[PDB]
Every structure is written in C-alpha cells, then in structure tokens.
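Listed next as structure tokens is one chain, alone, in the form deposited in one PDB entry.
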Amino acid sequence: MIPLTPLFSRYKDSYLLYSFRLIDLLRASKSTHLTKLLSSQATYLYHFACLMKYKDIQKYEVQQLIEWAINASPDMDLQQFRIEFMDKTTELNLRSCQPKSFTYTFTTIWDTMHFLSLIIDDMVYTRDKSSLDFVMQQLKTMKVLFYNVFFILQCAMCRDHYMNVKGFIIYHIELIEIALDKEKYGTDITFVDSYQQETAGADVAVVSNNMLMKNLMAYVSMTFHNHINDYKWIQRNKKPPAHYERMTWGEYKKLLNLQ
C-alpha cells in the first residue's frame, strides 16, 4: 500500500474535510438535481475513505450517513451540523472518517486530488490480476469524481480554468483503463519509471505494447498542480516571481517516499 509520511496524513485529513464539507451542503440543496449529484459524490468519496481503512466500502453504513445529511437540519450554524455529524458518524462506527482539522483552504482541494491520485496508483499496483473487474470499476468512479470537483470555496476563475483543463487528468485515468484492459486480454502491464518511456511506448502502430509509468497519477496530478500555478501568472499579467518555486518529480516522490 501507500507509504506513511507526514504529507500523506495531511492529504488523508484534508480529504475527509473535503468530504464533510460536501455532505454539509446536502442540507441546503434547494434543487432535486443537485441533491442527487451531491449524494453520488459523497457516497463515492467515503467509499474510497473506508476502502483504504476498513478494506470495505461499507455501502449500507455510508448510505445511512447520506440519508442523514440530506434529512439534516437545513438551518445550522457551522458547528450546528458538525456536532451531530460526530454524533451520527459514531453510531455507524465511522469515526475514522471524521476530519481532525477543519480549516478549509485551497490546499484542502489540492490535497484531495493528490489523495485520490495516490489511491489510483495504489489500487493499480496492488491489483490482483483476476479481479481487474474491481479496479477498472473504481477508475470509472474516479473519473466521475475528478469531473465534478466542487470548489465549496468561491473562486470563479479557478472553477472555469479547471472545467477547461481537467480532461488532462481524466485522460491519464483512461490510459490506465486501456492498460488494465490490455492485461485482461493477455498483455501484462510493463511498469516504467519515466513518463517519457510511457510516451515513447504509446507511439506504436499496433495494440500489443503495454507500458505504464509507475505512480502515473501522482506525477499527472503534480504536473497539473504546477500547471495551474504556472498559468495564474498569465491570468494576473505578471512575470512569475522569484519566490515562485515549482514542484519537481524527484522532490515530490521524496516527500511522499515513493519508489
């Protein structure tokens, strides 16, 4: 599974904060259509939180927690939902889905996207080559999760930039789907250490090749992270300042102790 490091536990806590803030909104859903959309996302978010923790999605326990948050008092004040959330969560033995910190920043959102990426890379590396059925389904859920990233926070240019470029991320998830599918039909995945080797092996005329960068999604999501911060200087019409430092792959791997 995934290396335990300080950053990864910030990711894990940020991710539960993001989930908690998305079920909070359930209360306020004036829209039938918005309620169902949030129900599915909250379902899926806690599915992947329980999966890594209990080794089981707990479909009927999280199903309870959703009913609750939709049928919750839609006239709370911040903590007026938090309090009973802890009260609800523990009656379902889901306390390990309670966030420790509640300060919701842009890094809550980044941490959550990086978190899901590490889950995809882990699910793929620890795949049993029989229930490819399982992993391939989760990848589909992951695309659905990255497609509907709620900001909760209000930043309209962030929201419109992402809708324009998020397909960069979803594209690489689908690369993995092609890789798992090629393995189901007898061509094992050849894991490679560089994104550039995966680029080189994609440029073939036949379908018989199957290379995939190890920790693809950690690399994709970080490159994407750099890209958003690269581009914000254009939206702001400034030269990138000297204080601006970009994440390099080798340093990112070091911080999360990836091999």
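So that the term is clear: the rigid core is the largest set of C-alpha atoms that superpose within 1.5 Å between two forms. One rule holds for the numbers: they count along the sequence shown, beginning at 1.
A second form of this protein, the form deposited in another entry, is not displayed here; the remarks below concern that form.
Is it true that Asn93 shifts between the shown form and the other one by 2 Å or more at the Cα, once the core is aligned?
After core superposition, the displacement of the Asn93 C-alpha between the shown form and the other one reaches the 2 Å mark, so yes.
Rigid-core frame, C-alpha of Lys232, shift of 2 angstroms or more between the shown form and the other one:
For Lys232, whose C-alpha is compared between the shown form and the other one after core superposition, the shift is less than 2 Å.
Relative to the superposed rigid core, does the CA atom of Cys50 travel 2 Å or more between the shown form and the other one?
After core superposition, the displacement of the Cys50 C-alpha between the shown form and the other one reaches the 2 Å mark, so yes.
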